[PDB]
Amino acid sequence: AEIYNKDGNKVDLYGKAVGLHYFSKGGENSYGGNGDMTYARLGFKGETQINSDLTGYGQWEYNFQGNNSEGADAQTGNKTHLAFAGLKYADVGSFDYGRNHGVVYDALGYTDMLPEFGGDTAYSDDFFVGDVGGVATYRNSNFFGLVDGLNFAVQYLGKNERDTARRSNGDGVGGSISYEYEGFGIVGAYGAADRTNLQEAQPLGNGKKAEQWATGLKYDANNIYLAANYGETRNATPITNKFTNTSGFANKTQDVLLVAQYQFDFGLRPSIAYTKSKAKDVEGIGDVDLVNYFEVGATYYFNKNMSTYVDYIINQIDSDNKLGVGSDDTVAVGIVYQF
């Protein structure tokens, strides 16, 4: 919803309301939990034409949880999702700074396409794989205008020293390259950064640096969407040992995400997917699976504004998992109004 269009500044206000329920057995041992998951989003996006070659922009978006009560748990899950401003110049590129997506999410975005679940390895406040605070990002499209379909990015992750180790990071750099051609895209992305002393001081995870890289292919044409991601992390992936009640990072993970979808004309969009992430060299455990499931789902788009969906996670994690990762299935049902 464009609330402003004058003298080359446009602002859009946008938002959505997501009625959502998760169904698991009893669901502390399930993939996604059990119960009401309703939530809403609000945000704006602005773009100003400063001169013929130079445009400025900003975006903000907030998540309000709607599955809390009015009492002490009222703001649980609320958060800024995005908040950044930048400048884009004719064929030089663009620069922005704020709370934005890590550059490795340029690869991991390929498979983050399921109705409700998926994108399990694109953690937030996790260096370069998801939403992080304090990233400057340089981006270039069509390689300075010289090569159509050829994009690249370089990102400086600023150190965030937070109270918990799970949410902290040190100084870091990363980058990405994508090519897109006749329906297809290929991408690679990499980032490395310091761990904070508090992260170091965790039982799980040993190393002075964190590292995350991923590659991906996708096909997005003829009503079809197909993608594959492969990824590898060192000292970077957050883990918890539910038996010993300890927390930290996986010394190494190996990540596979695959997704296949088809979009019917009349709005039905079936989906199948697979996610496996394996931890290795975990203090006191050795090797252990973090995520391992198949997904079957569908979204029904009535139009640009309304949709319903059901998302089934056939959970292949096993009951005797060494970290306590939950092994039960989850089904999500959702109804979305957005503008």
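Heads up: residue numbers just count along the shown sequence, starting at 1.
(request) Note how many residues of the deposited chain are left out of the model between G26 and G27; the options are none, 1 to 3, 4 to 9, and 10 or more. (result) Gap size class: 1 to 3 residues without coordinates, per the record.
(message) I need to verify one thing: averaged over C-alpha atoms only, is the B-factor higher for 277-285 or for 292-300?
(response) Higher of the two, by average CA B-factor, is 277-285.
(message) On mean Cα temperature factor in this entry, is 244-252 or 257-265 the higher one?
(response) Looking at the record's C-alpha B-factors, the answer is 244-252.
(message) Checking the record values for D120, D131, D106, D194, which has the greatest CA B factor?
(response) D194 has the highest C-alpha B-factor of those listed.
(request) Sort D91, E116, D96, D125 by C-alpha B-factor from the entry and give me just the highest. (result) Answer, based on the entry's C-alpha B-factors: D91.
(message) Using only modelled residues of the chain, where does the Cα B factor of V154 rank: lowest third, middle third or highest third?
(response) Answer is middle: the recorded C-alpha B-factor places it there.
(request) Quick one: classify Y219 as lowest, middle or highest third of the chain based on its Cα B-factor. (result) Lowest third, going by the recorded CA B-factors of the chain.
(message) Please say which third, lowest, middle or highest, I239 falls into when its CA temperature factor is compared across its chain.
(response) Within its chain, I239 is a middle-third residue by C-alpha B-factor, going by the deposited values.
(request) Sorting the chain's modelled residues by C-alpha B-factor, tell me whether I317 ends up in the lowest, middle or highest third. (result) As the PDB entry reports it, the C-alpha B-factor of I317 lands in the highest third of its chain.
(request) Grab the CA temperature factor for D36 from the record and place it in the lowest, middle or highest third of its chain. (result) Tercile = middle for this residue's CA B-factor.
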